[PDB]
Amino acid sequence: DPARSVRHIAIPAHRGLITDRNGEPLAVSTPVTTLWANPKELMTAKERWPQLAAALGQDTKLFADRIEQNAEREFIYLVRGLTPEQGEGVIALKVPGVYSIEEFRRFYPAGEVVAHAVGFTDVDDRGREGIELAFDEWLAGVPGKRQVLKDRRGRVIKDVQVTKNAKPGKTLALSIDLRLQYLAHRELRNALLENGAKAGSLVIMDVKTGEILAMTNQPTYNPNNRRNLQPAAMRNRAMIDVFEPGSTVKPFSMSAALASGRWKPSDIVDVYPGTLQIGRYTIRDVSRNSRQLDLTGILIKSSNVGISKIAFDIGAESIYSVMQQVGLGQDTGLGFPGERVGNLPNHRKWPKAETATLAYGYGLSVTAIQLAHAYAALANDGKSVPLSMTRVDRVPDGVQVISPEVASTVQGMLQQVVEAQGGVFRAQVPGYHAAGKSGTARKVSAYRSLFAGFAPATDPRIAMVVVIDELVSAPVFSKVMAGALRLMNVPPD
């Protein structure tokens, strides 16, 4: 084998800073020192091994066994990602065959608060979850290249030159407002622990800009210390958990009804006696104490019979079309690794049973982020704006999916659902008028308490979805919406 050889070594690049929308750091590259060895050289310095092993935190005999059994090799890793102080301590022992590579490891200043949205990096500093993965190319920059000269035994004689300078990765500003994310995380956690629930999610969207202002899942984990990590904790529920949304999509059924030409808010439907036979199927209402209900009352009572009679009159195709246009069961475009689409089934012929189940929310499956995006469109006077996990400076045109008149009418109906006698009084937001709808969701692979809404009711700014695994969602909406509006200096209405 030749006396000399020109070899190349990679120069790790500084990964891009992740910040919240206000510039607060969320993921920061921290210098670390990796140590590599030429075992052919180390084998000449055995009396040094126990001191070296101790400095590396490795067992004396396991360290020796590792070097001995790799005696034939010219490269092995000794240890990855020491502090620079520790790395300079080991280099200062001048053990033959021991070399250093400057690397970077991530630190997550907000820890468990934003764990799922930001994600984390693997041992090689590559994005594994969350934004770290979705924006990996943006963040990772480009490794450089070093030429070294080695002899027949693999000793590094000298560093010849850099042939490729490393290019640092680029700064990324998320849509997330860490102040709202802290509020959302605290209030969801407190609601689960006081209600003895094990899991849930909360999404906050800016209805004007499509920005995700907060996204919290419980349980969560500390990305800075993933020893002891339960896989349950790493699940990005808001983007992956698929469920039948139930009564929360009745506002879309009503939007279709108001767009049909055949219905106005003061219209009456007879829902007595709380049941409706359709062939061999029976539609049953949760509360069966009504005869005549106007369209707002059909929403306040969450009458399945009422919404089903409307759906039979207008046809399933109209309802399907609104649900598809507001994004339900559709790709979000966010590029998160696990993200699920759910299912909005289509038919050429819609029998009565399938028309009814679509209209009252059991004929489709969605995620919490899809449901929030649909509420954002309704809140934004019927105009859909693409979802963003990054700070939006220039707002996209977006698509008018519901007429502004119909969206305004449905906003006022959802204001009544929260405020009116018989309504969801526990969702009322201190200092503001709010609008929204509760539902009982059915998991698709179990039940979830849902609350979906927006505020302020008369000029909406924020949409929110609360999901609690096996009502209890409404007071979380109340507390988090109040705080979110005040943090965004939204004038109390």
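One-based numbering along the sequence shown. Definition used throughout: the rigid core is the maximal C-alpha set that superposes within 1.5 Å between two forms.
Taking the root mean square of CA deviations in 7 other deposited structures of this protein after fitting on the rigid core, 203-211 and 332-340 differ, and the farther of the two is 332-340.
In 7 other deposited structures of this protein, superposed on the rigid core, the segment with the larger root-mean-square CA displacement between 453-461 and 34-42 is 34-42. A chain break between residue 470 and residue 471 is present, corresponding to 4 to 9 residues of the deposited sequence without coordinates.
A chain break between residue 69 and residue 70 is not present, all residues of the deposited sequence in that interval being modelled.
Here 49-57 and 452-460 are compared by their mean Cα B-factor, and 49-57 comes out higher. The mean Cα B-factor in the deposited entry runs higher for 230-238 than for the other of 230-238 and 104-112.
In the deposited coordinates, the residue among 127, 274, 144, 315 with the greatest CA B-factor is 144. The PDB entry assigns the greatest CA B-factor among 398, 210, 333, 87 to 87.
Per-chain ranking of the deposited C-alpha B factor places residue 393 in the middle third. Among the modelled residues of its chain, residue 428 has a C-alpha B-factor that falls in the middle third, as given in the PDB entry. Among all modelled residues in its chain, residue 136 ranks in the middle third by Cα B-factor.
Residue-level temperature factors show residue 243 in the lowest third of its chain, judged at the C-alpha atom. For residue 38, the recorded CA temperature factor ranks within the highest third of the chain's modelled residues.
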